[PDB]
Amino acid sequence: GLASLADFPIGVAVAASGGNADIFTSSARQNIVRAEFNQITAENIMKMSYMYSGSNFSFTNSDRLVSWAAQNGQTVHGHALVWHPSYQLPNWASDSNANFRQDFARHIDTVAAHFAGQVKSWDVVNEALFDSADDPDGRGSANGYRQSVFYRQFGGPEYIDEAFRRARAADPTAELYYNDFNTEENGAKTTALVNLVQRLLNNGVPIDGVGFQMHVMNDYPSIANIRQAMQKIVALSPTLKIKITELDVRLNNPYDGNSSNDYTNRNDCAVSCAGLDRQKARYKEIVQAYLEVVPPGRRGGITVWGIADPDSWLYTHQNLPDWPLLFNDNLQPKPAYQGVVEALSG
């Protein structure tokens, strides 16, 4: 399968919260993971709050998944040690908590140490950069940084440095990533990423690599821009690794000012449409750009954000249907799958 075609991780996000996508219940999904991939990311159950039950740490459910991975030929990318969204904040992660810095330290020290030897790499900090599309509280930019509870408590971006240093100390063997989205657009956020990563390097922070989520559409952003954004980050350091962490590809672009090039019906791309064929080319050109500009020895992996289309967080988005992944609703490989094969094989 796909993983055989590369010497770096070829991964997939797996569900474990019930319903049809749940990896523990779906033998068909289990079989795809074993045959095609050699790494998993937990789609949800390694987020911050999932490390607790009531007031105590609780690793039961995440240990089950990490063990499943080890028994079925998968390494694990941990997602994520520090991330702002309130649906996954531990209760300690509040401006009302005088003990915040102590509880932050305890979180990273405990979680990183717990998974040592079982988890290959981590998203240490995810989504520290400001994004206008993603600022529901209206706090605004602090010179490109998101003013999350971590930023507010630490009074600035020093929480990022601390998270990396603590993760390194707790598990010296893990590869430590900074992860974000929209940084492949080669616009304002890419610039803010350069500033963020340069500051960490200047401070001697133990960052091992940068993750690009790569939640893209079929035609936007341009492959030239994706390629140049990656190049800009590769150029910051002779060793910094690059990982594509959450790749998926929407056929529909609701942001293009054109409502006549949208597939509006679930039947449109059930069998065949121009969009599925472009999606093949799109997966292919992105994997090719990754290979061309990320040197051998610095390729941290490529991961797709789920197994089959109905499992995708983007199966519906902006009130439209979509088909974002490598396998269809009946778990059959799509043209997208072949695009990855062709890229990885040259």
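Note that residue numbering begins at 1 and tracks the sequence as displayed.
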{"query": "Between the two ranges 207-215 and 266-274, the one averaging a larger CA B factor in the entry", "finding": "266-274"}
{"query": "132-140 or 98-106, whichever carries the higher mean Cα B-factor", "finding": "132-140"}
{"query": "Most elevated Cα B-factor in the entry, residues 192, 76, 89, 170", "finding": "170"}
{"query": "Deposited CA B-factor, highest of 38, 279, 61, 44", "finding": "61"}
{"query": "Chain-wide C-alpha B factor ranking for residue 227, given as lowest, middle or highest third", "finding": "highest"}
{"query": "Ranked C-alpha temperature factor of residue 305 among modelled chain residues, by third", "finding": "lowest"}
{"query": "Relative C-alpha B-factor of residue 256, binned into the chain's lowest, middle or highest third", "finding": "middle"}
{"query": "Ranked C-alpha temperature factor of residue 221 among modelled chain residues, by third", "finding": "middle"}
{"query": "Lowest, middle or highest third - CA B-factor, residue 316", "finding": "middle"}
